[PDB]
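Top line first, the protein sequences correspond to chains BBB, CCC, DDD and AAA.
Residue numbering for the first sequence follows the entry's author numbering, beginning at 1 and increasing consecutively.
Note that the second sequence covers residues 17 to 50, 58 to 112 in the entry's author numbering.
Note that the third sequence covers residues 0 to 28, 80 to 197 in the entry's author numbering.
Residue numbering for the fourth sequence follows the entry's author numbering, beginning at 59 and increasing consecutively.
For each residue, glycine too, the CB sits at the ideal point set by N, CA and C.
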Amino acid sequence: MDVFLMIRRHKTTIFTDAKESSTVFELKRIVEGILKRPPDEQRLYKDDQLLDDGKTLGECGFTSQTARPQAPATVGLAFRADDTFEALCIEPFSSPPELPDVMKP
Amino acid sequence: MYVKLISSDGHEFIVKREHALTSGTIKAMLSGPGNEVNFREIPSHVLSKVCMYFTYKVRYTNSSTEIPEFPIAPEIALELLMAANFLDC
Amino acid sequence: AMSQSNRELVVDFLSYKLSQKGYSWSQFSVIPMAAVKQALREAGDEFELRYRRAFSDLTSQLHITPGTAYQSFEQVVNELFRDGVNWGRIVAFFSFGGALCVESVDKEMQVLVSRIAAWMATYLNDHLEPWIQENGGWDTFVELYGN
Amino acid sequence: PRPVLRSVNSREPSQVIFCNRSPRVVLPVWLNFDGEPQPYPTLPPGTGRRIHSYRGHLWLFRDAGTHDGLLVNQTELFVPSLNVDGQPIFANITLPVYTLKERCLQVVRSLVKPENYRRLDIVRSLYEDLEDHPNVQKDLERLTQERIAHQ
């Protein structure tokens, strides 16, 4: 059972999928392949909750209903900047303009 | 095998090459001379939605099962139409 | 012989179709004949209700005027029987003649009604009676299409 | 000349289940014996109906309101075959994966009065894309050309 994710740090967004049964640690190995930082230099977050390496994505609240291809769930990523971790920081996306008059009910 | 799509406001979207090739424009630019594609006039709220479309297309293409509607909020519909036309996807 | 019986079936069927639109026949003028006439009337109603719109509209291919030749009617009816004869296509032929007669009255060409009847009798005698003889006669039509 | 895309008058019964596995109200369209598209009654989303059809008949499926094309068993055309072991033929009606452009056109069409398409702040070619609504006739031309290229 696949979950669809945006792994987000600063102005970086990774689009990937993983099994509900796959672990936080295994998702860090996916991130290591792309961004070249090992798991022990990564923190992954659901909102402000730090995720334990042992837990499955399903146990963290990433399900096929809440993590769809067309509406993926966000995983926050922070790197270990020294002996300590940087603060979790995700730059927001831009905002659409006001809805034009002809597109209102 | 990932590629990087960069928005006007400097957001970097890392997507599987197979997903990015959904776009005729991105396919042509990646298959051309001299990997990343930089879009000087497509903002992050639009490009992130385009990447979600790529995920949806690759997941549900040649699927024998019921597929869900691709949802588009009224607020993004006009910008997304213009980007979909521009990107040939 | 069979000619006279086929002529009587044409007149009965056309009289029925004109009666349904609110026109009488008279002004325009051994098989179990009563049973054949009734089955043909009911078969025509079923064809027009359920089947006609599933096929090409032959009234688009033939617009009968005083100058129209039998050969033009024969060529259009030949399209009906392009893949051969069966009872269903014979019903379609009767229904087509009925539609041509109603159209002729609508367009104030009442003289064509008697002419269309003569054309249908000719086509029946020349093209269809040999198949009817071969396929159990109007007796078998009644068995398959009758109440 | 008989149109390439038409039902055959097989007269051979085939029991079919029209299964609407889409969120659209579905208009089934039968191609008659001269290839003319004939509308049949609508199917609400997530409903199935057992229907009487015939071997070699041709069916299309559209959104009943917008005329968007739908898929049946993952293709555009459905042709009933003979029922094996008295089990009905399934016509599984689903959304296609529309291009993002076609999906965006569908949503803008849904939000804007037709008389207001021309007032949208978009290039003329996109206004013309909005105005050129999907229809069976356009798809039958393309499917006819596809089969002529193949035959």
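- Secondary structure at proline 100 (chain BBB): coil, using DSSP grouped into helix, strand and coil.
- Cβ neighbours of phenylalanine 191 (chain DDD) within its own chain (closer than 7 Å, five residues either side excluded): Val86, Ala89 and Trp137.
- Counting along the chain, the unbroken alpha helix (DSSP H) around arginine 182 (chain AAA) starts and ends at 182-189.
- Near chain CCC, meaning a CB-to-CB distance below 8 Å, the residues of the stretch 69-89 of chain BBB are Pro69, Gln70, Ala71 and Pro72.
- Shown here for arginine 68 (chain BBB): same chain residues with a beta carbon closer than 7 Å to its own, the five before and five after excluded, namely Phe4 in chain order.
- Taking a cut-off of 8 Å on C-beta distances, the stretch 22-29 of chain CCC touches the stretch 67-82 of chain CCC, as three or more cross pairs fall below it.
- Taking 7 Å as the threshold, the shortest C-beta distance from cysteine 162 (chain AAA) to chain CCC falls below it.
- Residue contact check for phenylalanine 143 (chain DDD) against chain AAA: no CB pair falls below 7 Å.
- Under the three-state reduction of DSSP output, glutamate 89 (chain CCC) falls in the coil class, being neither helix nor strand.
- In the structure shown, the three-state DSSP call for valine 81 (chain CCC) is helix.
- Annotation: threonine 202 (chain AAA) is outside any beta strand (DSSP E); the continuous alpha helix (DSSP H) that includes it extends over 194-208.
- In chain order, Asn78 place their CB closer than 7 Å to the CB of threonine 105 (chain AAA), counting only its own chain and leaving out the 5 sequence neighbours on each side.
- Listed by position along chain AAA, the residues whose Cβ is nearer than 7 Å to that of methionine 103 (chain BBB) are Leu169 and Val170.
- Counting only runs of 3+ residues, the beta strand (DSSP E) found wholly inside the stretch 113-141 of chain AAA occupies 116-121, in chain order.
- Below the 8 Å Cβ cutoff, chain AAA contributes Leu158 as neighbours of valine 73 (chain CCC), in chain order.
- What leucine 129 (chain AAA) touches in chain BBB, judged by beta-carbon distance under 9 Å, is nothing: the nearest beta carbon there is about 18 Å away.
- Listed along the chain, the chain BBB residues whose CB falls inside 7 Å of the CB of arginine 177 (chain AAA) are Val102.
- Chain-order list of chain BBB residues neighbouring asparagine 67 (chain AAA): empty, with the shortest C-beta distance near 44 Å, by a criterion of under 7 Å.
- Within the DSSP bridge table, the entry for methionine 6 (chain BBB) names BBB:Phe15 and BBB:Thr74 as partners.
- In this structure, the straight-line span from the alpha carbon of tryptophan 24 (chain DDD) to that of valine 161 (chain DDD) is close to 12 Å.
- Nearest Cα to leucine 153 (chain AAA) within the set AAA:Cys162, AAA:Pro192, AAA:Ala122 and AAA:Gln132: AAA:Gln132.
- In the structure shown, the three-state DSSP call for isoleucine 42 (chain CCC) is helix.
- In chain order, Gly106, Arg107, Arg108, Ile109, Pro146, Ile147, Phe148 and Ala149 place their CB closer than 8 Å to the CB of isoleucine 75 (chain AAA), counting only its own chain and leaving out the 5 sequence neighbours on each side.
- Along the stretch 140-159 of chain AAA, there is no position whose C-beta sits under 8 Å from a C-beta of chain BBB.
- For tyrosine 112 (chain AAA), the closest C-alpha among the options AAA:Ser183, AAA:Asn90 and AAA:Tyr156 is that of AAA:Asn90.
- Here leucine 50 (chain BBB) carries a strand assignment [DSSP, helix/strand/coil].
- If you draw a straight line from the Cα of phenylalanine 109 (chain CCC) to the Cα of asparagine 174 (chain AAA), it comes to about 23 Å.
- Below 8 Å, too few C-beta pairs join the stretch 96-104 of chain BBB and the stretch 52-64 of chain BBB to call them touching: fewer than three.
- One alpha carbon belongs to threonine 157 (chain AAA), the other to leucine 128 (chain AAA), and they sit about 13 Å apart.
- For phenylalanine 62 (chain CCC), no Cβ of chain AAA is located within less than 7 Å of the residue's own Cβ.
- Contact between the stretch 91-101 of chain DDD and the stretch 138-151 of chain DDD is present: 3 or more CB-CB pairs across the two stretches fall below 8 Å.
- Counting along the chain, no alpha helix (DSSP H) covers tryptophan 24 (chain DDD), and no H or E run does either.
- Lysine 159 (chain AAA) sits close to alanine 107 (chain CCC), with the two beta carbons spaced by under 7 Å.
- Within the model, the alpha-carbon separation for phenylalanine 105 (chain DDD) versus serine 65 (chain AAA) is close to 10 Å.
- Where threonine 152 (chain AAA) is concerned, the enclosing beta strand (DSSP E) starts and stops at 147-152.
- In this structure, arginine 43 (chain BBB) places its C-beta atom within 7 Å of the C-beta atom of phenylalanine 85 (chain BBB).
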